[PDB]
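Below is one structure, written out as structure tokens; the observations come after it.
Just so we're on the same page: letters track the sequence lines, and every chain starts at 1.
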2 protein chains.
Amino acid sequence: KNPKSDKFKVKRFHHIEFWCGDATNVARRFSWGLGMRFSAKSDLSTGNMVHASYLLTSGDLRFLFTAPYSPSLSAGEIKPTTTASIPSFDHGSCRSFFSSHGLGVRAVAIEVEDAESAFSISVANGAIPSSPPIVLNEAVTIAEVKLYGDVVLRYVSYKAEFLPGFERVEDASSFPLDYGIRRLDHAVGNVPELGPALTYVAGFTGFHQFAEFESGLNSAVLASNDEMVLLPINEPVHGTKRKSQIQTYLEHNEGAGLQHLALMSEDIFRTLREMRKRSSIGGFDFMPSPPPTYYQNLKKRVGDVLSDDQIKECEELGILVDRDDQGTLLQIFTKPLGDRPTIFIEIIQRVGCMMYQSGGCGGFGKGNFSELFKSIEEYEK
Amino acid sequence: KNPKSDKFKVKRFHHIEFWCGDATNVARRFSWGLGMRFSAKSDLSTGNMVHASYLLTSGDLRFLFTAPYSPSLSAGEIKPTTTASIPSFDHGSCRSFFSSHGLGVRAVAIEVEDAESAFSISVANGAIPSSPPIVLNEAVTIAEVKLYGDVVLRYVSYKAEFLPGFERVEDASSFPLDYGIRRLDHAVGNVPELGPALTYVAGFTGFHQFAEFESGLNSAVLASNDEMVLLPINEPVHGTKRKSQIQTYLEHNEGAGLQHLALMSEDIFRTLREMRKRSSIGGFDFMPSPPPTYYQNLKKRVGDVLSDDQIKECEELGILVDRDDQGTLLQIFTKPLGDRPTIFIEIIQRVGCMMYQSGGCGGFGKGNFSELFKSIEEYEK
Ligand SMILES: Cc1c(C(=O)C2=C(O)CCCC2=O)ccc2c1n(Cc1ccccc1)c(=O)n2C
Ligand SMILES: Cc1c(C(=O)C2=C(O)CCCC2=O)ccc2c1n(Cc1ccccc1)c(=O)n2C
Ligand SMILES: [Co+2]
Ligand SMILES: [Co+2]
């Protein structure tokens, strides 16, 4: 059931911002590992004496990488006179974030009709404000509120290229990499207690629980009116035999934060061949593949949807497959993006629920827990 | 003239350590951009609850990338009980370094016969101690003293694979990249005043001035007995028309520190083709090429040494060429390795001074200042 109860008009995911110590090296690593192009920059070369920010793009997916310069470069400035292109940036806030969490997402940004309004209603409805609405070059409006831990939900709205004060990147320096990733599908939070986190976020957004159908976690998914903005949240399950990975996240991250980004590919086979090609030459590693007993049970579950040639292709690439009642999903998970066992990336492709494709089509793969356990026990014997 | 006056026996450059906020992303970027292989690791997977350290290797070149984990992982440990593989590491020291300087070299490490002795004599001879000598697993000894700014000279000696507590890297995860780089040739410091820096370092090492033959800098080179360890130092020249890059380093780095690493290639043409191939797909950019007026004057200067086919090859790759009285050098410079206009890398190849090749053969390219000015003025007209 979809109550369509957003308290303000929410369009789509707009970008994801990583807070870094060196934005250049993370950016060039993500670019190659994921096949994202260098699109825009705000840095010393553009008159930004405060922070270096580099934007990567694939399809509609926007990854922003930001690090602080020495505060001494802008010691003479004040907020009215700043050269920061993102006015919410704070040197001390950024340094404390990276040193507390390591590499991680600072902002999940969603486009909205009216950012100042979305901020006002949000804060009226329980949101802890993080950065008040600011109007950039009479063109774009930006506002921030707390989401969980040190992660903010960022509202951006346009009266009528990324943000003012960014420059488009030198096409000689900008190589058109592309491995098929097109857009952000969901962004997932880890918290110590799911109940109060859900109440708070649903409280100020109007987002509703997105319905779906003894290991790991309890989770629930918050969704906008058209279920195109999707913000799941996990909490750990204590007491089990095997330690909760959610609980391992919270230990190494020093508390709650963004756990994974799910990136939709238009061709999850091309994407996964291209990323796997580069795993050991600067790219990303993937979680261990499931045992062929898995793929030996996929015919009896999705053989309707995928040909035996296409299941074998899942087998070589290590792709996992789950099924809702309206659609099917193909998914795989990278190893953690940095030093700590915290944030990782998910690649997904959704098949079904054509009307455009409705959001969440197929769910989020919580069935793959049961099938992997079954598979593992099958393969053992 | 070579007084051969080292106060302790110095062998060769052993490794260079970068202090990072995320060692994984810097490491994977350097690996691809430079063609260095993943050799050893010390991290959570090896029982190191303190820091993540990843070693890249090309030839005899060792690049170590280290970042701190959350201090809460080792809150219960004490120095006697630490799980750090590098006992000199300090969480607070590392965080303060990265936040003061951004990405940069923390340690220039040289092998020596006796590390405890090298430390004792050094400190007896004016060296500010930084980490006392420590004996790792009865096998290796490690000691540190201050070099300049927050950079330390690290002594390592072996009684008889990198360091104890590192593991050799999974050969599946370890791809044999190689673009021809073989060893570290020199490591160069920027300081505000060259005189006191030279007096101090030469003071406790016994290193001697290495002789050579209105823009930029004043520099001088300290060298070991066999001139295989080479530690030049720059200071800025104020008052010029155009700002000193040395002075720009000191502003953005928040003081003195390591300015560039010169890496010897056995084939500077293969190396530069392979790095240039990857400049815009995650690798390194290079300083702007000199104008062809440069290469139109190289026949009259090194035509003895390089064929007209080989000068044209310099022309496509942007290689610079200088000449001492004993040998010739080919050199080029990358753009800064990270966000700040601070550290960069130099690729070099030396031709001449065969006896093995003596160190510094050809010098360090200070003649290319004059020739570039001449060239620029030539091309203008
Ligand atoms: C991350 C993930 C998902 C996933 O994305 C997902 C959502 O999007 C929202 C709803 C709930 C959910 O589970 C699905 C299946 C998975 C999986 N992981 C990695 C893993 C498991 C446990 C704790 C930390 C990390 C795994 O092994 N399987 C088999
Ligand atoms: C770094 C460098 C060197 C070089 O390596 C070198 C040493 O190894 C030790 C002795 C002195 C020395 O100069 C040679 C020529 C260069 C050069 N640079 C970049 C640059 C210039 C000015 C201030 C910052 C950076 C440039 O443009 N030319 C033409
Ligand atoms: Co997911
Ligand atoms: Co040099």
Side-chain angles (χ1 to χ4, degrees), chain A residues 18-21 26 29-30 33-34 97-106 148-151 187-192 215-217 219 232-238 240 242-262 275 279-280 283-289 318 331-347 369 372, chain B residues 20-28 38 41-54 65-77 83-85 91 94 166-167 169 173:
Chain A
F18 296 80
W19 262 5
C20 326
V26 189
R29 195 277 187 114
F30 275 55
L34 283 146
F97 180 106
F98 200 140
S99 92
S100 165
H101 317 294
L103 170 64
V105 166
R106 164 58 169 187
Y148 36 63
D150 298 333
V151 167
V188 175
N190 277 355
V191 297
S215 100
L217 48 85
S219 57
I233 300 164
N234 309 321
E235 79 177 349
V237 184
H238 310 141
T240 36
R242 163 192 191 291
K243 198 193 187 179
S244 186
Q245 286 146 308
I246 312 304
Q247 179 69 36
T248 283
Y249 179 103
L250 296 171
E251 272 161 20
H252 289 256
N253 196 64
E254 283 177 14
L258 192 299
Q259 183 215 37
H260 70 272
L261 306 163
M275 298 187 71
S279 286
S280 319
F284 295 97
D285 305 337
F286 288 88
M287 297 307 191
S289 274
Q331 65 179 171
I332 194 169
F333 310 108
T334 76
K335 284 199 210 174
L337 313 186
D339 289 332
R340 316 187 178 196
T342 52
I343 180 174
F344 55 95
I345 276 178
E346 176 190 6
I347 315 299
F369 290 112
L372 278 167
Chain B
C20 326
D22 188 78
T24 294
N25 278 260
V26 189
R28 290 194 174 214
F38 267 78
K41 71 178 171 180
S42 183
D43 64 10
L44 293 163
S45 86
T46 79
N48 189 339
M49 305 303 111
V50 169
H51 59 89
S53 280
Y54 302 105
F65 302 86
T66 297
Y69 293 132
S70 164
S72 63
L73 301 197
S74 58
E77 312 181 1
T83 51
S85 58
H91 284 271
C94 190
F166 284 69
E167 288 179 18
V169 159
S173 72

(message) Return the CG to CG distance between A:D339 and B:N25, rounded to the nearest 0.5 Å.
(response) 8.0 Å
(message) How close do A:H101 and A:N253 get, counting heavy atoms only, and between which atoms?
(response) ND1-O, 2.7 Å
(message) Quick one, A:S279 with A:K335, criterion side chain to side chain contact (heavy atoms under 4.5 Å, CB included). Give me CA distance, side-chain angles, the key distance, then yes/no.
(response) CA-CA 10 Å; A:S279 286; A:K335 284 199 210 174; over 6 Å; no
(message) Which heavy atom of B:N48 sits nearest to which heavy atom of B:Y69, and what is that distance?
(response) O-CE1, 3.4 Å
(message) For a quick test of reading the model, state the closest non-hydrogen atom pair linking B:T66 to B:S53 and the distance between them.
(response) OG1-OG, 2.5 Å
(message) Please find the pair of heavy atoms, one from A:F369 and one from A:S215, that lie closest to each other, and give the distance.
(response) CD2-OG, 3.6 Å
(message) Within this structure, what is the CG-OH distance for the pair A:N190 and A:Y148, rounded to the nearest 0.5 Å?
(response) 8.5 Å
(message) For A:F30 and A:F284, take the angle between the two ring planes, folded into 0 to 90°, and tell me which bin it lands in: parallel under 30, tilted 30 to 60, perpendicular over 60.
(response) perpendicular
(request) Go through the steps for A:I332 and A:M287 under the test side chain to side chain contact (heavy atoms under 4.5 Å, CB included), then give the verdict. (result) CA-CA 8 Å; A:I332 194 169; A:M287 297 307 191; over 6 Å; no
(message) Test of understanding: with salt bridge (charged side-chain N to carboxylate O under 4.0 Å, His left out), list the residues that count as partners of A:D285, not counting sequence neighbours.
(response) B:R28
(request) Write down the atom of A:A256, the atom of A:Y249, and the distance for their closest heavy-atom approach. (result) C-CE2, 4.3 Å
(message) Working to the nearest 0.5 angstrom, can you tell me the gap between A:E346 CD and A:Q259 CD?
(response) 9.5 Å
(request) Say whether B:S72 and A:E254, considering side chains only, have a donor N or O and an acceptor N or O under 3.5 Å apart. (result) no
(request) Given side chain to side chain contact (heavy atoms under 4.5 Å, CB included), test B:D43 with B:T24 step by step and report yes or no. (result) CA-CA 11 Å; B:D43 64 10; B:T24 294; over 6 Å; no
(request) Measure across B:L73 and B:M49 and return the closest heavy-atom pair with its distance rounded to 0.1 Å. (result) CB-O, 3.4 Å
(request) Go through the steps for B:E167 and B:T46 under the test side chain to side chain donor-acceptor pair (under 3.5 Å), then give the verdict. (result) CA-CA 7 Å; B:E167 288 179 18; B:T46 79; 5.1 Å; no
(request) Could you give me the CA-CA distance, side-chain angles and deciding distance for A:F18 and A:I343, then say whether side chain to side chain contact (heavy atoms under 4.5 Å, CB included) is met? (result) CA-CA 11 Å; A:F18 296 80; A:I343 180 174; 3.8 Å; yes
